[PDB]
Q: 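Below is a structure I'd like to ask you about.
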Amino acid sequence: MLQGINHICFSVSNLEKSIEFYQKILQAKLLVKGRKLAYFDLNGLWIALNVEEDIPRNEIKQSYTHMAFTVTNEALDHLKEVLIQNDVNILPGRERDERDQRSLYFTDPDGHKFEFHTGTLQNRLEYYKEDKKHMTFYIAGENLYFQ
Amino acid sequence: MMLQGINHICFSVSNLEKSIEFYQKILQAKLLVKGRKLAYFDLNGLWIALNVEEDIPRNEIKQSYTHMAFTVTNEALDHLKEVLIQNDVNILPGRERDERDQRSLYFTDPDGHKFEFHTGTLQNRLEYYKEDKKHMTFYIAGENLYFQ
Ligand SMILES: C[C@@H]1O[C@@H]1P(=O)(O)O
Ligand SMILES: C[C@@H]1O[C@@H]1P(=O)(O)O
Ligand SMILES: [Zn+2]
Ligand SMILES: [Zn+2]
């Protein structure tokens, strides 16, 4: 089996500009930088940036593939401000239901999509659990009267 | 304000049936829920989601080194290489490794997301890189030198 997440690595075109984004925006802690790499600690997670300077980065804009980090509601508000102050590319979200809970989607300088999300997986499940529930009328097992 | 850690990762996939089977059999993620265009998993406590996007272009991704790595033991790495080959997993040859890198296997899901099974830690790596800086260091300000 697998023992858990080891690291996540991002291919970047401009190591110094990306180091500043990962520090400023994702609040990652720098550990070591080289000529073509950077390692950071993000709340226990090992994040690596590796340079690929002349590669195409325009189809990445089409895919919803993304990574989300946990934030509170006030934190989301303060981070939207931060992403505005720092000229980050902020994506318009998909439509959301209230029970979806709040998110902010944005990308790094090379198009990797990130999200700040205020909920949990179980919230997302209780949400779907509740709507299954809303579509159930005979609780098999229940006792019916007048029979 | 603050971040608290990885909430989830979402992979855009083209074929939901084929992808769920990949994440189940290769990554060993536990499917928790399934729909027309989504599927949610739990893998060792990580929320993994697939969201279908049938008709986007998925060429350039193969040219990018961004990837996600999971920790495994060395025997597990051997086991997993056979699992991948048997299930016809696109295995990549990987970069050149110092033995000090620790062993790895790189490969892709069917839509080109790169993954890695790794047998080292950030600790191992930083210590490897530091043990290199030590090797190129010859004097210690501090010690009792012998003739000044
Ligand atoms: C650890 C940084 O991701 C790179 P590697 O997998 O090439 O070592
Ligand atoms: C949870 C799966 O990532 C998708 P969402 O960010 O659109 O909810
Ligand atoms: Zn998401
Ligand atoms: Zn790696």
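Reminder, nothing fancy here: chain letters follow the sequence lines and each chain counts from 1. Just the heavy atoms: all of them, side chains too, but no hydrogens, waters or symmetry mates, feed the values below. First listed ligand is number 1; within each ligand, the first listed atom is number 1.
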Q: Would you mind finding which of A:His117, A:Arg94, A:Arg96, A:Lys113 brings a heavy atom closest to atom 8 (O) of ligand 2?
A: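 It is A:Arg94 that holds the nearest heavy atom.
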Q: Just jot down the ligand 2 atoms closer than 4.0 angstrom to any heavy atom of A:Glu115, in number order.
A: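 Counting from 1, the qualifying ligand atoms are 6 (O).
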Q: What's in the same ILVMFWY side-chain cluster as A:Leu37, cut-off under 4.5 Å, chained through other members?
A: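 The other cluster members (ILVMFWY side chains, heavy atoms under 4.5 Å, direct or chained) are A:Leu31, A:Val32, A:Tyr39, A:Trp46, B:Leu122, B:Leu126, B:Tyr128, B:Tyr129.
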Q: Under 4.0 Å from a heavy atom of A:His66: give me the atoms of ligand 2 that qualify, with their elements.
A: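 Those atoms are 3 (O), 4 (C), 6 (O).
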Q: Quick one: are the ring centres of A:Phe10 and A:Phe114 less than 6.0 Å apart?
A: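 Ring centres of A:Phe114 and A:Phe10 closer than 6.0 Å.
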Q: Does A:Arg124 come within less than 4.0 angstrom of ligand 2, counting non-hydrogen atoms of the residue?
A: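 In this structure, A:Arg124 qualifies as a contact of ligand 2 - some heavy atom is under 4.0 Å.
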Q: Under 4.0 Å between a side-chain nitrogen and a carboxylate oxygen: does that hold for B:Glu127 and B:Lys130?
A: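 No, this pair does not count.
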Q: Output the rest of the hydrophobic cluster of B:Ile61: all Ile, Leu, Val, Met, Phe, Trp and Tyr residues reachable through side-chain heavy-atom contacts under 4.5 Å, sorted by chain and number.
A: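 Besides B:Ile61, the cluster holds no residue at all.
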Q: Is the shortest distance from a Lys or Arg side-chain nitrogen in A:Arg124 or A:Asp100 to a carboxylate oxygen in the other one below 4.0 Å?
A: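 Salt bridge flag = yes for A:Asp100 with A:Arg124.
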Q: Quick check: B:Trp47 and ligand 2, any N/O pair under 3.5 Å apart?
A: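 Looking only at distances, the answer is no, because the N/O contact criterion of under 3.5 Å is not met.
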Q: Does a side-chain N-to-carboxylate-O contact under 4.0 Å join A:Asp108 and A:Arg57?
A: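 No, no charged N to carboxylate O under 4.0 Å.
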Q: For ligand 2, which atoms sit closer than 4.0 Å to a heavy atom of B:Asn51?
A: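 Numbered from 1, ligand 2 contributes 4 (C).
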Q: Find all atoms of ligand 2 within a distance of less than 4.0 Å from any non-hydrogen atom belonging to B:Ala49, and give their numbers and elements.
A: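 Answer for ligand 2: 2 (C).
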Q: Should you measure from each heavy atom of B:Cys10, which atoms of ligand 2 turn up under 4.0 Å away?
A: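 In order of numbering, the contacting atoms are 2 (C), 3 (O), 4 (C).
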Q: Does A:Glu115 use its side chain to pair, donor to acceptor, with the backbone of A:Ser103 at less than 3.5 Å?
A: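 No, because the side chain of A:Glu115 does not come within donor-acceptor range (under 3.5 Å) of the backbone of A:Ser103.
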Q: May I ask you to check whether A:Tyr105 has an N/O atom sitting below 3.5 Å from an N/O atom of ligand 2?
A: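 It does: an N or O of A:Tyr105 is found under 3.5 Å from an N or O of ligand 2.
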Q: Assign the ring pair B:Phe107 / B:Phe22 to parallel, tilted or perpendicular, where the plane angle (0 to 90°) is split at 30° and 60°.
A: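 Geometry flag for B:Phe22 against B:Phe107: tilted rings.
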Q: Below the 3.5 angstrom mark, is there an N/O of B:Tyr40, backbone or side chain, next to an N/O of ligand 2?
A: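 Between B:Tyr40 and ligand 2, no N or O pair is found under 3.5 Å apart.
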Q: Around the Zn ion (ligand 4), how many protein N/O/S atoms fall inside 2.8 Å?
A: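 Of the protein's nitrogen, oxygen and sulfur atoms, 3 lie under 2.8 Å from the Zn ion (ligand 4).
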Q: Sub-3.5 Å donor-acceptor pair from the side chain of B:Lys18 to the main-chain atoms of B:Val13, do we have one?
A: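 No; judged by distance alone, with no hydrogens or angles, the pair does not exist.
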Q: Side chains of residues 138-148 of chain B: which donor-acceptor partners sit under 3.5 Å, not counting sequence neighbours?
A:
none

